[PDB]
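Just so you know, the sequences run in chain order D, C, B and A.
FYI, in PDB author numbering the residues of the first sequence are 5 to 27, 31 to 67, 73 to 139, 144 to 179.
FYI, in PDB author numbering the residues of the second sequence are 3 to 27, 31 to 67, 73 to 139, 144 to 163, 168 to 179.
FYI, in PDB author numbering the residues of the third sequence are 4 to 27, 31 to 67, 73 to 137, 144 to 163, 168 to 179.
FYI, in PDB author numbering the residues of the fourth sequence are 4 to 27, 31 to 67, 73 to 139, 144 to 162, 170 to 179.
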Amino acid sequence: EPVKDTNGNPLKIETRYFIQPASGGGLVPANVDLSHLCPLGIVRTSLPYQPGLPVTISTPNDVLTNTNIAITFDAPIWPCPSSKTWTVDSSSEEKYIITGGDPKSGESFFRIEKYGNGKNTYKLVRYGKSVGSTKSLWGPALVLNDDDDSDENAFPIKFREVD
Amino acid sequence: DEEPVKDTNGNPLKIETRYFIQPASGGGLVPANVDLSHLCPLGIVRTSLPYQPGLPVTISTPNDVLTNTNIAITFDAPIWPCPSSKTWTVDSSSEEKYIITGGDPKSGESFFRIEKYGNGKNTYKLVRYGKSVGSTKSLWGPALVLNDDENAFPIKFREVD
Amino acid sequence: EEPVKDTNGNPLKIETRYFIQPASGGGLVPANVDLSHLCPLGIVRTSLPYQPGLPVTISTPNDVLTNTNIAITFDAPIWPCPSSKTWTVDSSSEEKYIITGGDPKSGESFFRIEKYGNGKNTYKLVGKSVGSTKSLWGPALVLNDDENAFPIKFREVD
Amino acid sequence: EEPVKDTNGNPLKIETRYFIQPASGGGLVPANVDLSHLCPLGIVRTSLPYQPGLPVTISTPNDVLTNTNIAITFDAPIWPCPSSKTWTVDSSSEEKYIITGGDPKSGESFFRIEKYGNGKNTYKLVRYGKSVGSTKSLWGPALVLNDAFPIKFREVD
Ligand code: CHL
Ligand code: CHL
Ligand code: CHL
Ligand code: CHL
């Protein structure tokens, strides 16, 4: 079924959304620790009215649940020599969600799935391993859980349309 | 003239209420250091990232906020790494006359006046007693400065929801 | 009350530049203590091995003697924080970080240089001694409670 | 093709740590070139007077000779950028900044050490003739490719 934004509207590809914690403000790039400048992790900002850095969603126009999608940050400046597409840092113990993925490659494929009770609330899952969060340098950073795909340690998200 | 300052919704501005100060003329106004010689206190820059609303401010009077009256602007943030206040003030020592943080909200050094600006309703300028607030190129982008006397930096007040 | 000696066994002089080098990575340098405090600055051991530290000058309220009141002040051509380069204790913090911005003439900034353990020319800063704690940029100097002292040497800047 | 000498008049050896010190503040260090580029890093002259620089090792594709192809590589126990510590030229930039992340075995990273005017043990870096100079940048003078920045090699103790 279609993924819906905060207005209950269906999500469209090539359209800007803030990924907002459903559970501080939105999701933003920050470095994961002082050993890795590039590429960037994804942190929940502690500043309450910051909407997040907007993303666009691509499919390898509707965005459906349980389908392969790629998440790419939308930004006019990007100091790192790699892509704005989300992916998994394999090398790290933490399994941080990091930038620099290939939007066309399977390394960057996440699936949007329903989370708990409330409507328009979702989780990101990788194929079932769900996206959660861990304490890091700049705050909670998105990570891949070890998980059998439950909502226990999953980081719940909403999609707010950027106007 | 002493009429109420209005937000983007045409509603009258209230004290102790959060507003983004948005350029009326990139996103909102945010703290950043003015240059690589001064870490604290902070200047006020227009962010180049288009959907960033700014860091919210609250307005205080030494509940309505009126034009041509003494007010103090104070940033609202849960964390503040500099050892000084979130209240806007003028950096006297600098040639540029940067608007900086660390002022005393109760002291006259921090008093600005909100006045009507040129084109369009709900558009304002900040003036200090007449010396208006403009902008200059700096490290992180346009930084708010005090002018000498066209060059005013027009602003709107958006209510934080 | 005997003279403090540098790495060359020479007596320490006031108004003379020294690197404070860990006796136990490189020298001691200003860094912020955590992401909540930009200014003033803490004192961290750099992890880069050939960095000598930021030089300090020592003042007395020309010889620098052990067990006497001295003030340690960083020597740098640029200083972005709006406070002094003089070491002092951050009372407000739980960690009791040694921070910059003290008054060199005030007692808040007085440390005493005392002998440490075995080796010659090895000292500690003090009956509460200066130790170290894990922080943002590495080991940061702290005041210990009431073994854990951070041993130091003074290298003359040439 | 005579040997490059350090500040002690000793011949330079490969796989040996040297500070590259301005022959004309302190030594040469990594810093980002501007606020648009975090990685890879440029090479700036530190304004802090007693800082020796970040040490480098020199490799040849044990003596280091003038007018021969060499590669300069920073020596550090930590490196936050996802690329090499080997110096190279930023082609894409207008400024032609000397940046990190080159391949020490590839020709993109080859510089030549040549004698510089008057004083002994004073050298310049040249790329094949285009010499390495400096330009104003965010953190101070940054090394660039001209269309010369005199240097000395101090042995790390
Ligand atoms: C104002 C904030 C401030 C911050 C955040 C720092 C942070 C630091 N200082 Mg200090 N300093 C700061 C103020 C000042 N320092 C100094 C003088 C020095 C000296 C002499 C030295 C330092 C060094 C260091 C480093 C110590 C830990 C380490 O070994 O890193 C490991 C080093 C890395 C480069 C790892 C890279 C981490 C990376 C993920 C991003 C950070 C890179 C930047 C160097 C840090 C960005 C902040 C910069 C602008 C200071 C650390 C990067 C030492 C150093 O390491 O020099 C570079 C050193 O020798 N400081 C002065 C006097 C002018 C200051 C005045 O304000
Ligand atoms: C993005 C990465 C990065 C950045 C921004 C810097 C920045 C700098 N390095 Mg480098 N480095 C960086 C990577 C690395 N450095 C090094 C190794 C060294 C060495 C050995 C030395 C430097 C030094 C310097 C400084 C040279 C200019 C100066 O003399 O300042 C004057 C010094 C100040 C402290 C100026 C005070 C202003 C500053 C604290 C204000 C804060 C700035 C803003 C918050 C903006 C920063 C955000 C962005 C740009 C990252 C400058 C602070 C030299 C130095 O000066 O030591 C500190 C030096 O000796 N670097 C390594 C190898 C581990 C790196 C690897 O990633
Ligand atoms: C290495 C690069 C990099 C770093 C270190 C950061 C870091 C950060 N980003 Mg990100 N970002 C970075 C790249 C990018 N960001 C973004 C887009 C955004 C957005 C839209 C937002 C952030 C926000 C944040 C903050 C999230 C934590 C917080 O809530 O702090 C809150 C606390 C403070 C702002 C005060 C913290 C004090 C700080 C000055 C201390 C730093 C001390 C030293 C100088 C150390 C410097 C670190 C080294 C590694 C360079 C954090 C400061 C969010 C934010 O909060 O606004 C800034 C936010 O809304 N980022 C883009 C796309 C343009 C990037 C591309 O490179
Ligand atoms: C020395 C302290 C300090 C510094 C250097 C900065 C710097 C900045 N702030 Mg600020 N701030 C600082 C203190 C504080 N800020 C804030 C709250 C905010 C907000 C809400 C916002 C900013 C934003 C900005 C940016 C404005 C220009 C831009 O649009 O770049 C855009 C370009 C990039 C983000 C690319 C990254 C460039 C890269 C080379 C540097 C590394 C990125 C880091 C985010 C900056 C360094 C880390 C630390 C020092 C913040 C700029 C990165 C705006 C922003 O853009 O958020 C990220 C913004 O919306 N600031 C608070 C209250 C908590 C502070 C308290 O002290």
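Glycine residues also receive a C-beta, built at the ideal position from the N, C-alpha and C atoms.
Counting along the chain, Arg123/A sits inside the beta strand (DSSP E) bounded by residues 122 to 126. Distance between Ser149/D and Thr133/D, taken at the CA atoms: about 16 Å.
The residue from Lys116/D, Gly59/D, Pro36/D, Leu136/D with its alpha-carbon nearest to that of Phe171/D is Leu136/D. Annotation for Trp154/D indicates a beta carbon at 7 Å or more from all heavy atoms of ligand 2.
Secondary-structure assignment with DSSP links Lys131/C through no beta bridge to anything. Taking 8 Å as the cut-off, the beta carbon of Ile23/A is found no closer than this to the beta carbon of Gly48/A. With a 10 Å radius around the Cβ and a threshold of 16 neighbouring Cβ atoms, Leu160/D comes out buried. Take the alpha-carbon of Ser104/C and the one of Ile110/D: they are about 41 Å apart. With its beta carbon at least 8 Å from every one in chain C, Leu158/B lies outside the interface. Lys96/D is not bridged by DSSP to any residue. The criterion of a C-beta distance shorter than 8 Å is not satisfied by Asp74/B and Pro115/B. Put simply, the backbone Cα of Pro91/D is about 30 Å away from that of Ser27/D. Closer than 7 Å to some heavy atom of ligand 2: that does not describe the Cβ of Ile109/A. Check the Cα spacing between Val50/A and each of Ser65/A, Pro25/A, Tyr56/A: the tightest is with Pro25/A.
Taken atom to atom, the span from the alpha-carbon of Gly155/C to that of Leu34/C is near 11 Å. In this structure, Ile64/B is the residue among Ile64/B, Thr52/B, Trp98/B, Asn38/B with its C-alpha nearest to the C-alpha of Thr19/B. Under the DSSP assignment, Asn80/D falls in the beta strand (DSSP E) whose first and last residues are 80 to 85.
For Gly32/B and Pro67/B, the gap between their C-alpha atoms comes out near 30 Å. Per the DSSP secondary-structure output, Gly155/B pairs in a beta bridge with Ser152/B. Residues are counted here when their Cβ sits less than 8 Å from a Cβ of chain A; for the stretch 85 to 119 of chain B these are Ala87, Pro88, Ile89, given in chain order. C-alpha of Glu125/D to C-alpha of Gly112/A: approximately 40 Å in a straight line. Residue-level contact by beta carbon holds for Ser42/C and chain B, with a gap shorter than 8 Å. Under the 10 Å beta carbon count, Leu41/D is surrounded by fewer than 16 other beta carbons and is classified as exposed. A direct Cα-to-Cα measurement between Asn169/B and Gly130/B gives close to 17 Å. Taking C-alpha positions only, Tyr56/B is separated from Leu153/D by approximately 26 Å.
Within the chosen limit of 7 Å, ligand 2 reaches the beta carbon of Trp90/A through at least one heavy atom.
DSSP, read as helix, strand or coil, puts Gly48/B in strand. At a Cβ-Cβ threshold of 8 Å, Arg138/D and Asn78/D do not count as neighbours.
The C-beta of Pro61/A comes no closer than 8 Å to any C-beta of chain D. A Cβ-Cβ separation of about 6 Å places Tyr21/A in contact with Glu177/A under the 8 Å criterion. In the structure shown, the three-state DSSP call for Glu119/A is helix. Under DSSP, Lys107/D takes part in no beta bridge, so it has no partner. In the three-state scheme derived from DSSP, where H, G and I count as helix and E and B as strand, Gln24/C is classed as strand.
Neighbours of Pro55/A in chain B, taken as residues at a C-beta separation under 8 Å, are given in chain order as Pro88. One finds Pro93 in chain C with Cβ atoms closer than 8 Å to the Cβ of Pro46/B, taken in chain order. The beta carbon of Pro61/B sits closer than 7 Å to those of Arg20, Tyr21, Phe22, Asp86, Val178, all from its chain and outside the five residues before and after it, given in chain order.
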